[PDB]
Structure formats: C-alpha cells, structure tokens
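Enquirer: This is the structure I want to talk about, given as structure tokens.
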Amino acid sequence: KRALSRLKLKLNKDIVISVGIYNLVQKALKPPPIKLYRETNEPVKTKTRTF
Amino acid sequence: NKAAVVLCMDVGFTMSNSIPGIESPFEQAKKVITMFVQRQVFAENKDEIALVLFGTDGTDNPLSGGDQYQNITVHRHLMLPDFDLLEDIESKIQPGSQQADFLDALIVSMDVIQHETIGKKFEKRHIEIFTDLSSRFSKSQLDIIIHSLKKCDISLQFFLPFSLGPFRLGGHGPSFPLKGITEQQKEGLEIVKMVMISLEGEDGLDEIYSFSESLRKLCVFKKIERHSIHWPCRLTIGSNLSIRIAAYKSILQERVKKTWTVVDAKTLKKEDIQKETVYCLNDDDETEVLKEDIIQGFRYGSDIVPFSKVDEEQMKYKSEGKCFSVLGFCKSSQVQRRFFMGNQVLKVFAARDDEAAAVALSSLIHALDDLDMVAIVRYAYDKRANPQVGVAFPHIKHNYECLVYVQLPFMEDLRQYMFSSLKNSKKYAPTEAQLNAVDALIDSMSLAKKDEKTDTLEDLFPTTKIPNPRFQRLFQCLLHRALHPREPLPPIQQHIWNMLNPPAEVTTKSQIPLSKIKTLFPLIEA
Amino acid sequence: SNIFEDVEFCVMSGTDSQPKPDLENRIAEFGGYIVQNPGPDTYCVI
Amino acid sequence: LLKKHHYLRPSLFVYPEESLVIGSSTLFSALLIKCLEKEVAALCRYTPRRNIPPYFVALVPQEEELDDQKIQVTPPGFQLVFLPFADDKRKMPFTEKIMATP
Amino acid sequence: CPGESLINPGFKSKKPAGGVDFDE
DNA sequence: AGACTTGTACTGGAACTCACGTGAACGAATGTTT
DNA sequence: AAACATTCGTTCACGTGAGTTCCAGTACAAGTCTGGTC
C-alpha cells in the first residue's frame, strides 16, 4: 500500500482537510527492459547529450 | 473531407451600445468568432472559412451593383484560414455606424458559397450568423431564401446576445435578463425561430445559441466534426453464430495533436540541435559501446536474464486479432463501475448495409436489457494488440440502440489494500450536530433541481458539456505570442474561470452552512 | 596458443563433465575472446 | 445523473490521512455517511500535480462491506471517477432504429 | 487473519483464476 | 583519554505513476494499371 | 473488371522525463563501557 498523492480537499478557502489518493485497480505491465553489454553481460549506463 | 463556413457578423451601431454592468454584445460575438477561428487554425483542419459583415459603412460584394444589398462587405473569400484573418479581426475590425438588415447578408453569403463552391467539391456547407436582431429587415424574399436553403442543403446556425444580479460570461446562469427586449428584437427572434423550425423541424429550436453559452459549449464545431473511423468485426457467441458489427470510440481522452520542437536560441531551426545517446559500461575507463553490441534483458530477483528481441518475439504470446467473442453472460449487478479499466469506451452497432445483423443485434440488446445481464467479451484490435477482457452492456435510446463496451481488470490488475473502518471507530464518530451540519451543507449545495416535479432532474452544473480549458488557453497564448512576439503571455480569460466555476447561487446558498461547519469542526494542521 | 587467438567464442550450455565457468576458463587459457551472447562477429556458439 | 457509459479514466480511491491536518477523519466520515444516506456524490475540480490542467471528477461514497469471514473487500472512502469534457466525447454516425420480433 | 496468504503476509490470498464456469 | 551504541536529523537513490513523444504493425479503402 | 500498391491513416505498443512516497546510508551529539597513574 502506497498513497499516490497526499492531496488537500478544499471545501472553502478556510475549510481544508488532507486526504490520500490510492489506486485499487492498476494496469499490470511487464518489467521494463534493461540494456546489457553483449559480451560481459553487465548493465550499461545510457546517457543522452545535446550539442 | 472539407467544408465551407461563412461567418455573418453585424457591426451595427446598436451592437456598440454597451449596457452598464454587462459586456457589450459585440465583444461577446468577437470572442466567440475568435475562439472558432483559433480552433479551426491551430487544429490544422482542412476547412475553408469566409467572413461577411453587414452594417459596415462601405459596400463590397457581387450583389452590390445597384442599390440592393448595401452595407455588406466580404472581408475574405472561401479559403484555408491563416493568421491574417485573426490579425484582421482582432485589431482592425470596428463597429459600423450604418444599420443594415440580415436577410440581405444571408443572401450575400449564399451567393458567395455558390460561387466559391464551383471549383471544389465540399461534403458539407455551413453558415453561422451572429446578430442582435435590432435592424429592420425585408420579408419579401423569405420564400426565396427558404427554398435556396432547402435546395442547397447547407446547415445554418444563429447566435444571439440573449438565450431563449451580477452577470458572468459562461457562468452557468442567465446572461441577458428578459427585461429590456424591444419589439424589433422580438420580431427577429420570431422570424429566426420560424426559419429554424421550418428548416430542421422541432429540432431546430436547439440550433439557436447565445454568445455566453456558446463560449462554453463547443457548439460552433458541432456540424463540422468528422466521424470516427469504424472498426469492423464479428460478434461470435459460438462457432455457428456470428453478427457483423462496427465499433466506434464513443469516449476517448483528447490531447494536443502537435508537439513542441526544440530549436536553438541563436538560430530558430531544429537542424542545428542534434541529440545523441552514448552507452558506457560501469567502469573507470567508461568504455563506450555500439548499438549492435547491446542486448535486452530482464531482472529476476537479483539475477539478470538476457532476453534478445528475436527471442522475445519467438516466445511472445501469439494470438489472432480482430476478435469479438462472448465468453458468457453475467448479471449486471456482478459488474461494478469501480473496476472499469482502459482509456476508451466502445459503441458497437450493426453493419452499415445489411439488416439481418441489425435485427440480430437489436434482439441481443433487448434480451440483455430485459434480463438485466451483460456479456463478458474478449477484445483484440489487431494481431499485435494484446487481448483484453471487457464487459458489453445494452444501451437503448428512442432513436438508436447499441452495445457499450468497457474493458475489465485482470486478476493481477487489482490491488488488495486493507483500510480501517470508520463506522466502528470511537475516536472518529461525528455527533448529531455534525451530521445535521453536513446534511445542511449537502442540501444547500445541490447541483440538480426538480424539473417541475415531472419525474426528471435538471443539471445546474453539467460538467460533461464544458469544453476542456487547456486547448483554449494554449490557443490564446499561441495567438498572443504570434501577434505580439515581444510581450509575455496573458492571464487566463475570465470566461474560462466562469465556466470552470459553479453558479453564484450555490455559493450564496452555501455561505452560512459552510461557516457553521467551520466553527463546529475543529481543524488544526499537524 | 597463437592460433587460438583473435577469435570470438560463446558458450551457453556446458556438459556435466566440465561446468560452464570451467570451460570458460579453459578457453580463456588459449586466448579465446569469450562472448556471453553471440553477435554478428562470432565464430560459433557452443 | 452519473452515466455509467461516461467512462474516461480508471477511478481512484480517496481516504482520510490525518497526518497533515488533524480532525479530518471525523468530517470525512460524516460526509461519507450523509452522502450514502442521500445517494449524492460530491463534484470537485481535481489537479493531481503542479502545472496540470484541472479535471472535473465525482466522489461517490463507498460503504464498507465484508464477506462471510469478516474480511474487508470494499474499503470505506470515496471513489473518484473522472468526468469527461465536451471534447472528450465523439459523434457517432446516424443509424436507423430496427426493432426485433418478440 | 483468515484468508491471509502464506507467501506474502499482509495481503489477501488471491483465489485461483477459474474463468467461465457455466451453471446448471 | 578512547571506542562503540543510541538517538536524531538529514539527504539521495529506488520504485511507482503519469504525460509526452515516437516507431511501426496493420487493416482497410481507394486509386491506378493491366 | 480485377489485382496490387499505396497510402494512408489510424491506432497500439514501447520508450523517456518529471513529480511523489518510502527507505538506506551518513554526519553529529550524547550515553556508556573501559584503560592507567598518583
């Protein structure tokens, strides 16, 4: 269990009550793919640069 | 597909008359037309738009050779809209002192449409007319205009300053109070109502809108919206029963169809900026590797399992696409709306041509509705698309009937979270006064009203008919930046906030109960 | 040795007689470029 | 007035926290009880994160339910359902209505 | 608590997926 | 003196989620060529 | 009149970046245990 966000319901500019948002239903996705060095079989760091 | 839209604008002196405490009708009409043009331009729509203004001091149109149809100008012929029209309307359009009728303007618009449509094939022809109906008009040509409209089968819409204390544009309230309307306005309303009802029957009464209402209804583009592409399939209960069906995306989240391109500040071209990705190993040398020297893998609980793309494709779950198979029928009470998944809702009708599928689908819909049951179906768009399990339920209307399909969750898509009950909590147990206060607040903030005790409810705040404000804000900011490169973005328009806010009546009714609850309910930050 | 050099070899299924790490060490003894996953420039897969 | 077929986004669950504002649990419970007994769902503008367009959503109260073993299956709170905007809808083609024999 | 999974404590033991079981 | 344990705080990384962008399968409709 | 392509238009799957919650690791202060000599 983990709240998506702790938001603050605002009935008025004065009345304010904190609440938490959860997802009782969530789409199931396969684990993200990981890039690997073809030779050593170790994780490789990916860096993006702009020039 | 493409269409012609002729916008008729009144620039008479009466329009310039700004009643104190209420925005002038000219400003409202300008805002509505500006919003329409912004949507038509920034959306990259292959539509042709022309502007005709009546009441101008000058005269420029094909039918102005003689003394007939004076004070009518064609600011732009039929063509793809551009920033030029927005610049012209925003800055160099002003009210005209001379007063002109509107039937002559309608005839001029018809002539313009007929002349311009010769060289191109247009699926739909549209006319939008914004007038306050405060100018004398000639009724001699009523039959001619009616016959021309009937023969040319061109849609027509009217916008008025008044719909059929404080005033807010698009504030879900009365824009123009029914106290001050003159006899000429009543005659104009009567004649336009006659024209609309004759053209489109009783349904035409809803084709006359108000500027404030139109600003928060997305009605200007009602007749120039393209139909969704149909998805053909076969609903198969078993191996011997099959009904040809067509599915459409009834509800789908709308996003921006254009992305933001990054360009250099010195030179505003995307070619200069180049992005490259370099892969390095976890070592001091930081040795670089090529794309061909990279493989795909997955984690297996502290263990790394390589999985090549070709390997994944070979071992990928293979199935046949474009399938609509009924896995069974279950009581409607067994399917809960809270479990609905996916980002779309499908509306399934029978095939376009054949009638056997139509009768079969109608029979299935009626049986499901009268038995209070829904069909659990397997949905697969294409071969690549992953199959899903969804619920299809009947949807019967006086004019049409279909099946509404919404995706359902899988066993692993559900989250098992345990919470603490509130009813059986001593610390969290509101007293009688708290319940009474909450009851008063709920009753004072009702968003629905009884429709004259006619077993019907009228919605005070129908959010489902409110357009998305993000698109309008983005269009406004883009137009401001284009026309004023050396100025910052402007603030959000007041009418947007008014349409995104509830009617002032609810707040006025809820003022007192809200303060009472605040006083009664302790609230301390921690 | 000198002959068994400048060659890319990949092994992914060893026999009970010699485990995969043992065969990897052996082939490395003669100077064989060990590659865990074969690529476009691999002599063969063992 | 909450049409079932007006589904846009998967619904969320709103539950009192009391970690930030004290005394919110009692107000939340009172609101839930009154809404359940009145069959009325709250309407609220929702903005999850900063610099995000608002969305009109409806909070429908949820009544705690337990199975035969007294195990929670429908936790109490509010169900947040996203209400689609005008442009979120689509226009369907006109189709003549055909009836079916009994 | 009854029905608690022996593999993952604190989570309800999900029942096996049956599918479609036509009634009598 | 010193070193280890306890607490307190404080921060940065990991996992989760959503929004944006892109690539590419593919499915069908239509236009053109034989 | 039939077949192919093309096109094209769409839509779904996959990948990358920003915000939120949770927990591991680190710095500093204090308590606690222990050493020796006059």
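Letters for chains follow the order of the structure tokens (A, B, ...), residue numbers begin at 1 for each chain, and ligand numbers begin at 1 in the order shown.
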Please produce, as JSON lines, a per-residue contact table for chain A versus chain F (criterion: any atom at most 12 Å away, only C-alpha atoms (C1' of nucleotides) considered), showing the nearest atom pair and its distance in Å to one decimal, sorted by chain then residue number.

Expert:
```
{"residue": "A:1", "atom": "CA", "partner": "F:16", "partner_atom": "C1'", "distance": 11.2}
{"residue": "A:2", "atom": "CA", "partner": "F:16", "partner_atom": "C1'", "distance": 8.9}
{"residue": "A:3", "atom": "CA", "partner": "F:16", "partner_atom": "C1'", "distance": 10.1}
{"residue": "A:4", "atom": "CA", "partner": "F:17", "partner_atom": "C1'", "distance": 7.6}
{"residue": "A:5", "atom": "CA", "partner": "F:17", "partner_atom": "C1'", "distance": 10.1}
{"residue": "A:21", "atom": "CA", "partner": "F:17", "partner_atom": "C1'", "distance": 12.0}
{"residue": "A:22", "atom": "CA", "partner": "F:17", "partner_atom": "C1'", "distance": 11.0}
{"residue": "A:23", "atom": "CA", "partner": "F:17", "partner_atom": "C1'", "distance": 10.2}
{"residue": "A:26", "atom": "CA", "partner": "F:17", "partner_atom": "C1'", "distance": 9.9}
{"residue": "A:27", "atom": "CA", "partner": "F:17", "partner_atom": "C1'", "distance": 10.9}
{"residue": "A:29", "atom": "CA", "partner": "F:16", "partner_atom": "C1'", "distance": 11.9}
{"residue": "A:31", "atom": "CA", "partner": "F:15", "partner_atom": "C1'", "distance": 11.9}
```

Enquirer: Using only C-alpha atoms (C1' of nucleotides), determine which residues lie at most 6 Å from residue 25 of chain A, disregarding the query and same-chain residues fewer than 2 positions distant; provide the list as a PDB file with N, CA, C and O atoms, in the first residue's frame.

Expert:
```pdb
ATOM      1  N   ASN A  23      -4.809   3.731  -5.776  1.00  0.00           N
ATOM      2  CA  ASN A  23      -5.306   3.077  -6.985  1.00  0.00           C
ATOM      3  C   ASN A  23      -5.636   1.630  -6.637  1.00  0.00           C
ATOM      4  O   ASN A  23      -4.752   0.768  -6.630  1.00  0.00           O
TER       5      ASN A  23
ATOM      6  N   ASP B 413      -4.293  -7.106 -12.142  1.00  0.00           N
ATOM      7  CA  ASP B 413      -4.514  -5.670 -12.243  1.00  0.00           C
ATOM      8  C   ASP B 413      -5.164  -5.084 -10.998  1.00  0.00           C
ATOM      9  O   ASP B 413      -5.216  -3.857 -10.866  1.00  0.00           O
ATOM     10  N   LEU B 414      -5.656  -5.921 -10.089  1.00  0.00           N
ATOM     11  CA  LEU B 414      -6.316  -5.457  -8.880  1.00  0.00           C
ATOM     12  C   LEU B 414      -5.312  -5.317  -7.743  1.00  0.00           C
ATOM     13  O   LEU B 414      -4.335  -6.067  -7.653  1.00  0.00           O
ATOM     14  N   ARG B 415      -5.564  -4.344  -6.873  1.00  0.00           N
ATOM     15  CA  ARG B 415      -4.726  -4.080  -5.711  1.00  0.00           C
ATOM     16  C   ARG B 415      -5.504  -4.414  -4.446  1.00  0.00           C
ATOM     17  O   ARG B 415      -6.627  -3.935  -4.260  1.00  0.00           O
TER      18      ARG B 415
END
```

Enquirer: In Å to one decimal, how far is atom CA of residue 43 of chain C from atom CA of residue 278 of chain B?

Expert: 27.2 Å

Enquirer: Compute the set of chain A residues within 7 Å of chain C, using only C-alpha atoms, and express it as a PDB file with N, CA and C atoms, in the first residue's frame.

Expert:
```
ATOM      1  N   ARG A  38      26.674  -6.974 -24.630  1.00  0.00           N
ATOM      2  CA  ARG A  38      26.534  -8.284 -25.258  1.00  0.00           C
ATOM      3  C   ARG A  38      27.656  -9.231 -24.854  1.00  0.00           C
ATOM      4  N   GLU A  39      28.812  -8.696 -24.461  1.00  0.00           N
ATOM      5  CA  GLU A  39      29.973  -9.530 -24.163  1.00  0.00           C
ATOM      6  C   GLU A  39      30.051  -9.890 -22.681  1.00  0.00           C
ATOM      7  N   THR A  40      30.156  -8.884 -21.811  1.00  0.00           N
ATOM      8  CA  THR A  40      30.320  -9.148 -20.387  1.00  0.00           C
ATOM      9  C   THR A  40      29.002  -9.476 -19.698  1.00  0.00           C
ATOM     10  N   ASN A  41      27.867  -9.105 -20.294  1.00  0.00           N
ATOM     11  CA  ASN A  41      26.557  -9.371 -19.703  1.00  0.00           C
ATOM     12  C   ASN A  41      26.376  -8.586 -18.403  1.00  0.00           C
TER      13      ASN A  41
END
```

Enquirer: Please list as a compact mmCIF listing (two decimals) with N, CA and C atoms, in the first residue's frame every residue within 7 Å of segment 346-362 of chain B, counting only C-alpha atoms (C1' of nucleotides) and excluding residues in the same chain fewer than 2 positions away.

Expert:
```
# COMPACT_ATOMS: atom_id res chain seq x y z
N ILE B 243 -22.46 -12.20 -35.84
CA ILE B 243 -23.16 -10.98 -36.22
C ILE B 243 -22.11 -9.95 -36.62
N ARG B 244 -22.21 -9.44 -37.85
CA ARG B 244 -21.30 -8.40 -38.29
C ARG B 244 -21.59 -7.11 -37.54
N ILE B 245 -20.54 -6.49 -36.98
CA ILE B 245 -20.69 -5.31 -36.15
C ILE B 245 -19.62 -4.29 -36.50
N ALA B 246 -19.91 -3.03 -36.19
CA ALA B 246 -18.98 -1.93 -36.35
C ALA B 246 -18.85 -1.21 -35.02
N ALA B 247 -17.61 -0.97 -34.59
CA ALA B 247 -17.32 -0.34 -33.32
C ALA B 247 -16.72 1.04 -33.54
N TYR B 248 -17.12 1.99 -32.69
CA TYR B 248 -16.59 3.35 -32.70
C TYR B 248 -16.12 3.70 -31.30
N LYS B 249 -15.18 4.64 -31.22
CA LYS B 249 -14.66 5.11 -29.94
C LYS B 249 -15.58 6.21 -29.43
N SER B 250 -16.57 5.83 -28.62
CA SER B 250 -17.55 6.79 -28.14
C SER B 250 -16.90 7.86 -27.27
N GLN B 344 -10.72 4.04 -22.95
CA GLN B 344 -11.68 4.28 -24.02
C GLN B 344 -12.95 3.49 -23.73
N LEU B 364 -30.43 -9.12 -29.46
CA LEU B 364 -29.49 -9.37 -28.37
C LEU B 364 -29.53 -8.25 -27.34
N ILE B 365 -29.56 -7.00 -27.81
CA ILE B 365 -29.59 -5.86 -26.90
C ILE B 365 -30.85 -5.88 -26.06
N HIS B 366 -32.00 -6.14 -26.69
CA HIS B 366 -33.26 -6.17 -25.95
C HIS B 366 -33.27 -7.30 -24.93
N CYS B 402 -27.49 0.23 -29.16
CA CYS B 402 -26.14 -0.27 -29.41
C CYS B 402 -25.65 -1.01 -28.18
N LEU B 403 -24.40 -1.46 -28.24
CA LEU B 403 -23.74 -2.11 -27.11
C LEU B 403 -22.56 -1.26 -26.67
N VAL B 404 -22.52 -0.92 -25.38
CA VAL B 404 -21.44 -0.13 -24.82
C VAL B 404 -20.45 -1.10 -24.16
N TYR B 405 -19.21 -1.06 -24.62
CA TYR B 405 -18.16 -1.97 -24.17
C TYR B 405 -17.10 -1.18 -23.42
N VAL B 406 -16.72 -1.68 -22.24
CA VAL B 406 -15.67 -1.09 -21.43
C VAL B 406 -14.78 -2.20 -20.90
N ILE D 98 -34.02 -0.33 -35.76
CA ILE D 98 -34.74 -1.51 -36.25
C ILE D 98 -35.13 -2.35 -35.04
N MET D 99 -36.42 -2.67 -34.95
CA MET D 99 -36.93 -3.46 -33.84
C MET D 99 -36.84 -4.95 -34.15
N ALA D 100 -37.04 -5.76 -33.11
CA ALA D 100 -36.97 -7.21 -33.21
C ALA D 100 -38.29 -7.81 -32.75
```

Enquirer: Between F:33, F:2, F:7, F:22, which one has atoms that come closest to residue 14 of chain G, using only C-alpha atoms (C1' of nucleotides)?

Expert: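 Nearest candidate to residue 14 of chain G out of F:33, F:2, F:7, F:22: F:22.
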
Enquirer: Within 9 Å of residue 477 of chain B, counting only C-alpha atoms (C1' of nucleotides), which residues qualify if same-chain residues fewer than 5 places away don't, as a PyMOL selection string?

Expert: chain B and resi 472+482+489-491

Enquirer: Can you work out which one of D:70, D:11, D:59, D:50 has the shortest atom-to-atom distance to chain B, counting only C-alpha atoms?

Expert: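 Counting only C-alpha atoms, the residue closest to chain B is D:11.
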
Enquirer: Give me the residues within 8 Å of segment 21-28 of chain D as a PyMOL selection string, counting only C-alpha atoms (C1' of nucleotides) and dropping any in the same chain fewer than 2 places off.

Expert: (chain A and resi 16-18) or (chain B and resi 428-430+434+521-526) or (chain D and resi 16-19+30-32)

Enquirer: Output as a PyMOL selection string the set of chain D residues within 12 Å of chain G, with distances taken over only C-alpha atoms (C1' of nucleotides).

Expert: chain D and resi 48-52

Enquirer: List as an NGL selection string the protein and nucleic acid residues near segment 72-84 of chain D, meaning an atom at most 8 Å away when only C-alpha atoms (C1' of nucleotides) are counted, but skip any in the same chain fewer than 2 places from it.

Expert: (:B and (251 or 253 or 338 or 417-422 or 463-464)) or (:D and (6-16 or 32 or 55-67 or 70 or 86-89))

Enquirer: Within 7 Å of chain B, which residues of chain A are there when counting only C-alpha atoms? Please give them as a PyMOL selection string.

Expert: chain A and resi 1+15+24-28+31+33-38+44-51

Enquirer: I'd like the contact shell of segment 2-7 of chain E - 10 Å cut-off, only C-alpha atoms (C1' of nucleotides), skipping same-chain residues fewer than 6 positions apart - returned as a ChimeraX atom specification.

Expert: /D:69-71 /E:13-15

Enquirer: Any chance you could export the current selection's N, CA and C atoms as a short mmCIF file (atom, residue, chain, number, x, y, z; two decimals), in the first residue's frame?

Expert:
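New file part25.cif:
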```cif
data_model
loop_
_atom_site.label_atom_id
_atom_site.label_comp_id
_atom_site.auth_asym_id
_atom_site.auth_seq_id
_atom_site.Cartn_x
_atom_site.Cartn_y
_atom_site.Cartn_z
N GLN D 69 -16.40 -14.30 6.11
CA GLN D 69 -15.30 -14.45 7.05
C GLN D 69 -14.91 -13.15 7.73
N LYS D 70 -15.65 -12.07 7.49
CA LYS D 70 -15.36 -10.76 8.09
C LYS D 70 -14.02 -10.23 7.59
N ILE D 71 -13.81 -10.34 6.28
CA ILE D 71 -12.60 -9.86 5.62
C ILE D 71 -12.99 -8.70 4.71
N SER E 13 -5.03 -13.75 0.26
CA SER E 13 -4.67 -14.85 -0.63
C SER E 13 -5.60 -14.86 -1.83
N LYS E 14 -5.10 -14.42 -2.98
CA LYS E 14 -5.91 -14.38 -4.19
C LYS E 14 -6.38 -15.78 -4.56
N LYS E 15 -7.67 -15.91 -4.86
CA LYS E 15 -8.21 -17.20 -5.25
C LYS E 15 -7.75 -17.55 -6.66
#
```

Enquirer: Between atom CA of residue 198 of chain B and atom CA of residue 150 of chain B, what is the spacing in Å?

Expert: 9.6 Å
